[PDB]
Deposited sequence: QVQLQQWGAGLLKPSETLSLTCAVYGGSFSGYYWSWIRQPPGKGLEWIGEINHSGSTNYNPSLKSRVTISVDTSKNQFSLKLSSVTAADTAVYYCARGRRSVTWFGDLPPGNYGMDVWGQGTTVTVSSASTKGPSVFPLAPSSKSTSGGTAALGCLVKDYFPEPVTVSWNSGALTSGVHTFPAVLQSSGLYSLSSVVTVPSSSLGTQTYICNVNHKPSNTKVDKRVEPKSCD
(Lines of atoms letter the chains of each structure in order from A and count residues from 1; the text may use other names and numbers.)
(Lines give C-alpha, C1' and ligand atoms only; values in the text may rest on other atoms or scores of the structure.)
Protein backbone atom coordinates (compact mmCIF):
# COMPACT_ATOMS: atom_id res chain seq x y z
CA UNK A 1 0.00 0.00 0.00
CA UNK A 2 1.58 3.24 -1.20
CA UNK A 3 1.23 6.21 1.15
CA UNK A 4 1.94 9.93 0.84
CA UNK A 5 2.79 12.26 3.73
CA UNK A 6 2.83 16.04 3.29
CA UNK A 7 4.06 18.83 5.55
CA UNK A 8 4.84 22.53 5.50
CA UNK A 9 3.81 25.89 6.87
CA UNK A 10 0.08 26.54 6.74
CA UNK A 11 -0.45 30.16 7.77
CA UNK A 12 1.55 32.59 5.62
CA UNK A 13 1.64 36.38 5.58
CA UNK A 14 0.75 37.85 2.16
CA UNK A 15 3.49 38.65 -0.38
CA UNK A 16 5.82 35.88 0.85
CA UNK A 17 6.67 32.34 -0.29
CA UNK A 18 4.94 29.05 0.50
CA UNK A 19 6.99 25.85 0.80
CA UNK A 20 5.38 22.41 1.03
CA UNK A 21 6.96 18.95 0.91
CA UNK A 22 5.60 15.48 0.15
CA UNK A 23 7.17 12.09 0.92
CA UNK A 24 6.25 8.80 -0.76
CA UNK A 25 6.47 5.69 1.43
CA UNK A 26 5.84 2.13 0.30
CA UNK A 27 5.92 2.67 -3.46
CA UNK A 28 8.20 2.99 -6.46
CA UNK A 29 9.72 6.23 -7.71
CA UNK A 30 9.95 7.23 -11.39
CA UNK A 31 7.34 6.06 -13.88
CA UNK A 32 4.82 8.01 -11.78
CA UNK A 33 4.10 11.74 -12.08
CA UNK A 34 4.31 13.66 -8.79
CA UNK A 35 1.51 16.22 -9.03
CA UNK A 36 0.29 19.05 -6.81
CA UNK A 37 -3.32 20.22 -6.56
CA UNK A 38 -5.15 22.95 -4.65
CA UNK A 39 -8.82 23.25 -3.71
CA UNK A 40 -10.12 26.70 -2.69
CA UNK A 41 -12.73 26.91 0.09
CA UNK A 42 -16.05 25.75 -1.33
CA UNK A 43 -14.68 25.28 -4.87
CA UNK A 44 -13.30 22.51 -7.07
CA UNK A 45 -9.74 21.35 -7.67
CA UNK A 46 -6.95 22.96 -9.68
CA UNK A 47 -3.98 21.13 -11.20
CA UNK A 48 -0.71 22.87 -10.32
CA UNK A 49 2.12 20.82 -11.80
CA UNK A 50 3.86 17.47 -12.07
CA UNK A 51 7.39 16.04 -11.98
CA UNK A 52 9.11 12.66 -12.32
CA UNK A 53 12.52 11.14 -11.55
CA UNK A 54 14.37 13.92 -13.38
CA UNK A 55 13.41 17.55 -14.00
CA UNK A 56 10.12 17.13 -15.88
CA UNK A 57 8.68 20.47 -14.78
CA UNK A 58 5.27 20.93 -16.45
CA UNK A 59 3.45 23.71 -14.60
CA UNK A 60 0.10 25.49 -15.03
CA UNK A 61 0.02 28.76 -17.03
CA UNK A 62 -2.40 30.38 -14.55
CA UNK A 63 0.37 30.43 -11.91
CA UNK A 64 3.52 29.43 -13.84
CA UNK A 65 5.37 32.66 -13.04
CA UNK A 66 5.31 31.97 -9.28
CA UNK A 67 5.50 28.16 -9.02
CA UNK A 68 8.54 25.86 -8.83
CA UNK A 69 8.54 22.10 -8.20
CA UNK A 70 11.66 20.23 -7.07
CA UNK A 71 12.46 16.60 -6.24
CA UNK A 72 14.93 14.80 -3.95
CA UNK A 73 15.77 11.18 -4.80
CA UNK A 74 17.86 10.24 -1.75
CA UNK A 75 14.74 10.73 0.41
CA UNK A 76 11.93 9.97 -2.10
CA UNK A 77 10.46 13.45 -1.64
CA UNK A 78 9.23 16.31 -3.78
CA UNK A 79 8.61 19.94 -2.85
CA UNK A 80 6.31 22.70 -4.08
CA UNK A 81 7.25 26.39 -3.83
CA UNK A 82 4.97 29.36 -4.52
CA UNK A 83 6.08 33.00 -4.58
CA UNK A 84 4.29 36.33 -4.08
CA UNK A 85 1.24 34.64 -2.59
CA UNK A 86 -2.00 36.52 -1.91
CA UNK A 87 -5.33 35.79 -0.23
CA UNK A 88 -6.51 34.15 -3.47
CA UNK A 89 -4.11 31.24 -2.85
CA UNK A 90 -5.87 30.18 0.37
CA UNK A 91 -6.76 26.55 -0.31
CA UNK A 92 -6.28 22.94 0.75
CA UNK A 93 -3.17 21.59 -0.99
CA UNK A 94 -2.67 17.92 -1.89
CA UNK A 95 0.17 15.94 -3.39
CA UNK A 96 -0.78 13.00 -5.59
CA UNK A 97 0.65 10.27 -7.82
CA UNK A 98 -0.51 10.53 -11.43
CA UNK A 99 -0.33 7.05 -12.97
CA UNK A 100 -5.10 8.53 -13.52
CA UNK A 101 -4.22 9.74 -10.01
CA UNK A 102 -4.53 6.88 -7.52
CA UNK A 103 -3.05 7.83 -4.12
CA UNK A 104 -3.46 11.29 -2.58
CA UNK A 105 -1.86 12.87 0.46
CA UNK A 106 -3.80 13.98 3.52
CA UNK A 107 -3.69 17.62 2.40
CA UNK A 108 -2.75 20.79 4.28
CA UNK A 109 -4.93 23.88 4.65
CA UNK A 110 -2.92 26.98 3.67
CA UNK A 111 -4.50 30.36 4.43
CA UNK A 112 -3.05 33.74 3.45
CA UNK A 113 -4.09 36.69 5.62
CA UNK A 114 -2.42 39.85 6.89
CA UNK A 115 -4.44 39.54 10.11
CA UNK A 116 -2.97 38.36 13.41
CA UNK A 117 -3.99 35.56 15.75
CA UNK A 118 -6.81 36.62 18.08
CA UNK A 119 -8.96 34.81 20.62
CA UNK A 120 -12.70 34.50 20.01
CA UNK A 121 -15.48 36.42 21.71
CA UNK A 122 -18.47 34.26 22.69
CA UNK A 123 -21.91 35.82 23.14
CA UNK A 124 -25.17 34.07 24.08
CA UNK A 125 -28.12 33.82 21.67
CA UNK A 126 -30.72 33.41 24.41
CA UNK A 127 -34.12 31.73 23.96
CA UNK A 128 -37.48 33.43 24.37
CA UNK A 129 -39.78 23.35 21.70
CA UNK A 130 -37.23 26.18 21.81
CA UNK A 131 -33.78 27.03 20.49
CA UNK A 132 -30.69 28.70 21.93
CA UNK A 133 -27.08 29.06 20.94
CA UNK A 134 -23.70 30.76 21.06
CA UNK A 135 -22.09 33.27 18.69
CA UNK A 136 -18.31 32.87 18.37
CA UNK A 137 -17.10 36.06 16.68
CA UNK A 138 -13.76 37.68 15.82
CA UNK A 139 -11.18 34.90 15.93
CA UNK A 140 -8.26 34.00 13.68
CA UNK A 141 -7.34 31.57 12.39
CA UNK A 142 -9.63 28.55 12.14
CA UNK A 143 -10.71 26.28 13.72
CA UNK A 144 -12.66 26.43 16.98
CA UNK A 145 -14.38 23.50 18.69
CA UNK A 146 -17.81 24.04 20.25
CA UNK A 147 -19.47 21.54 22.59
CA UNK A 148 -22.47 21.80 24.91
CA UNK A 149 -22.52 20.90 28.62
CA UNK A 150 -18.96 19.56 28.19
CA UNK A 151 -20.02 16.89 25.70
CA UNK A 152 -23.18 15.93 27.60
CA UNK A 153 -25.54 17.63 25.13
CA UNK A 154 -25.02 16.47 21.53
CA UNK A 155 -28.50 15.89 20.13
CA UNK A 156 -30.13 18.68 18.14
CA UNK A 157 -26.88 20.67 17.97
CA UNK A 158 -25.97 22.47 14.74
CA UNK A 159 -22.58 24.20 14.55
CA UNK A 160 -22.28 26.27 11.39
CA UNK A 161 -19.18 26.75 9.23
CA UNK A 162 -17.35 30.01 9.83
CA UNK A 163 -17.37 33.04 7.53
CA UNK A 164 -14.45 35.31 6.67
CA UNK A 165 -15.62 38.75 7.74
CA UNK A 166 -14.38 41.89 6.00
CA UNK A 167 -12.09 42.55 8.98
CA UNK A 168 -10.14 39.37 8.20
CA UNK A 169 -11.41 37.38 11.21
CA UNK A 170 -13.83 34.48 11.38
CA UNK A 171 -17.24 34.11 13.01
CA UNK A 172 -19.60 31.17 13.44
CA UNK A 173 -22.59 30.14 15.55
CA UNK A 174 -23.60 26.94 17.34
CA UNK A 175 -27.31 26.48 18.01
CA UNK A 176 -29.31 23.72 19.69
CA UNK A 177 -33.03 22.96 19.88
CA UNK A 178 -34.23 21.77 23.30
CA UNK A 179 -37.77 21.28 24.67
CA UNK A 180 -38.93 24.52 26.27
CA UNK A 181 -39.73 22.68 29.52
CA UNK A 182 -36.04 22.41 30.45
CA UNK A 183 -35.32 26.15 30.09
CA UNK A 184 -35.83 26.55 33.84
CA UNK A 185 -34.77 22.98 34.63
CA UNK A 186 -31.62 22.36 32.56
CA UNK A 187 -28.60 24.68 32.46
CA UNK A 188 -27.18 25.11 28.95
CA UNK A 189 -23.50 26.06 28.66
CA UNK A 190 -21.42 26.17 25.47
CA UNK A 191 -17.69 25.38 25.55
CA UNK A 192 -15.56 27.07 22.87
CA UNK A 193 -11.94 25.99 22.34
CA UNK A 194 -9.43 27.89 20.17
CA UNK A 195 -6.02 26.22 19.97
CA UNK A 196 -4.17 28.82 17.81
CA UNK A 197 -4.94 31.42 20.50
CA UNK A 198 -4.75 28.90 23.39
CA UNK A 199 -8.15 29.95 24.71
CA UNK A 200 -11.23 28.30 26.19
CA UNK A 201 -14.53 30.01 26.99
CA UNK A 202 -17.45 28.50 28.91
CA UNK A 203 -20.53 30.64 28.24
CA UNK A 204 -23.78 30.09 30.13
CA UNK A 205 -26.90 30.62 28.01
CA UNK A 206 -29.86 31.45 30.25
CA UNK A 207 -33.34 32.62 29.17
CA UNK A 208 -33.31 36.39 28.71
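Missing from the model, relative to the deposited sequence, are the ranges 100-113, 143-149, 230-232.
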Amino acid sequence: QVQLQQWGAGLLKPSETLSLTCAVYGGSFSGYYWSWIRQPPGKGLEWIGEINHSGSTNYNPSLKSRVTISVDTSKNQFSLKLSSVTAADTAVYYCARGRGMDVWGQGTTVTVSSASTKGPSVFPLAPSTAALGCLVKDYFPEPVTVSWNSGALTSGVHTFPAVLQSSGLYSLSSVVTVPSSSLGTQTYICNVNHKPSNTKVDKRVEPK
From here on, numbers count along this sequence of modelled residues.
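Per-stretch averaging of Cα B factors for 178-186 and 41-49 places 178-186 on top. Among all modelled residues in this chain, the alpha-carbon of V67 has a temperature factor (C-alpha) in the middle third. In the PDB entry, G31 places in the highest third of its chain by CA B-factor.
Per the deposited record, the Cα B-factor of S173 falls in the lowest third when ranked against the other modelled residues of its chain. The PDB entry assigns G105 a C-alpha temperature factor belonging to the lowest third of its chain's modelled residues. Split the chain's modelled residues into thirds by C-alpha temperature factor. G151 is in the highest one.
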